[PDB]
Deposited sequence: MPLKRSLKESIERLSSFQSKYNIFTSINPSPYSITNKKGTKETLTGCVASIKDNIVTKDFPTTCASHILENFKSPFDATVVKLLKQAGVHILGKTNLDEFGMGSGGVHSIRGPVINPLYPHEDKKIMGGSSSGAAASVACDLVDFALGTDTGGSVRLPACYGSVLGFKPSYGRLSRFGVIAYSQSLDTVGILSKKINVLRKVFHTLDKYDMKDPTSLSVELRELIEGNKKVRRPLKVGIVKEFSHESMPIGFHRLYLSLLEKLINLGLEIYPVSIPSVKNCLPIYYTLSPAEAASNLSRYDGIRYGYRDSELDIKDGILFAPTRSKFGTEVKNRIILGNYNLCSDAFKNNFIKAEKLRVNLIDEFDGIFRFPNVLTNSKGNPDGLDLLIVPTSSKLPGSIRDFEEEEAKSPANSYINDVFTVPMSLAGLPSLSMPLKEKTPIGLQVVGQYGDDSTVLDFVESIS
């Protein structure tokens, strides 16, 4: 078994390009659990590369808080998983180590795993680890989970510490958890759902207690399906699987409602205004001067400081940096960026207006005639081939941006959202979504119907 485990690990690694680094001695309250960690979360014991030339042999002096908490709970870390470089991408194809391949299919198929937590999802789908940690900025835990036919939970923003979680877009970045087992996932969430004073965005102890104090018995549970997300071209098999799930729920006595949340439609343009801007800002530190890759010869060229080193950024990262800097320049800032922030506020307000649970961050009262959970597709597409994904992206950025149509609103509003599979080994999923802070409801609901 042990021998059989290592051999399995070597095989799937070789065929599917899952890890960026593996424990030298693999498999040697979460005591005995084995985890993989997305390679944008810093660790003392492994390099943290962000799948980037920029940080190709970077060794952090410290463990991310989530890594420390896991270790303290007795978790063994198998290795760091491959990812889209610096978290930028939706397909898992942008990495200095090459793309991750989806293990639901023969590796010859070169099917995409989805991104940015590609390796994380793959390591779970292969049964290499008990759970994986990923990050989700616009869908990057939920989408690859969906494509690996495993659970992918993105908790409420600020519940899990981002200390040591390398910055992509800080107002959106969230640590998330992938597993095949809802029980394991809840245990991991409970372990990691903690205030961290190192993280100025960590949800305070006071607000956590306020959230708990707001919980009420809900009878019956009220579930919404969202008009604006109910009309996309969906994969073959989806409607049957979707309708079977809703029927199962209706036969349990819960109530299902149509709900319209018009602001969800503008979420992609909102996201690609805010997120590239933050990205450009957060990547301004990379210069090879204090750490990471550094050009052997020049710290400046063409009157542009750090250009030679920074040229080693991946191509998708450069594109986004360029866009983000455009978005931040004075005139564009006063227009698109300010507008995007205001619309984001509108979105949060619309969600507040339809949820019974109060939002402690906006001090909404909760709508007593509102809803407990939303159910929304995770993706409108099946995983294609790496070539097809790469071809499509080359045609237009919009073709890639649309991949996160269903996931970005919950990122923008920081809502807890769990993608769950509908059929064994099938890259189709649904999200269960609750109000900000209402993580236990989402998880218990999913556990209840599992």
Legend entry - Sequence ranges absent from the coordinates, based on the deposited chain and numbered from 1: 1 to 5, 34 to 42
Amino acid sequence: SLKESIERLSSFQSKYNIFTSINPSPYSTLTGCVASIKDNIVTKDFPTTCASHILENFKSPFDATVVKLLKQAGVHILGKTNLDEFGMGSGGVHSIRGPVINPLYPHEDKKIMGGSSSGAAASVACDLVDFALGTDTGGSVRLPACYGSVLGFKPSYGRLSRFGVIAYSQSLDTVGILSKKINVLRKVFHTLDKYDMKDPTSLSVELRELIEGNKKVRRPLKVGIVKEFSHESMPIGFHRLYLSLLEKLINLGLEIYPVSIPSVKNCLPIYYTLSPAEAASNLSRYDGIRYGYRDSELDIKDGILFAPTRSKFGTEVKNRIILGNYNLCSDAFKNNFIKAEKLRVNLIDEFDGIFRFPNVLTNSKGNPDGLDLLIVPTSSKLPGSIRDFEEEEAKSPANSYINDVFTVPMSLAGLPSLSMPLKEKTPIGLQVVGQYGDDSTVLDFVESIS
From here on, numbers count along this sequence of modelled residues.
Legend entry - Mean C-alpha temperature factor, higher of 298 to 306 and 110 to 118: 298 to 306
Inset, instruction - Check the entry's C-alpha temperature factors for 125 to 133 and 225 to 233, then say which stretch has the higher mean. - result: 125 to 133
Inset, instruction - Can you pull the Cα B-factors for 314, 87, 324, 139 from the entry and say which is highest? - result: 314
Inset, instruction - For the C-alpha B-factor as written in the entry, point me to the maximum among 431, 435, 440, 23. - result: 23
Legend entry - For residue 93, the third of its chain into which the C-alpha B factor falls: highest
Inset, instruction - Place residue 27 in the lowest, middle or highest third of its chain's C-alpha B-factors, as listed in the PDB entry. - result: highest
Inset, instruction - Among all modelled residues of this chain, ranked by Cα B factor, put residue 34 in the bottom, middle or top third, i.e. lowest, middle or highest. - result: highest
Legend entry - Chain thirds of CA B-factor: placement of residue 383: highest
Legend entry - Third of chain Cα B-factors occupied by residue 82: middle
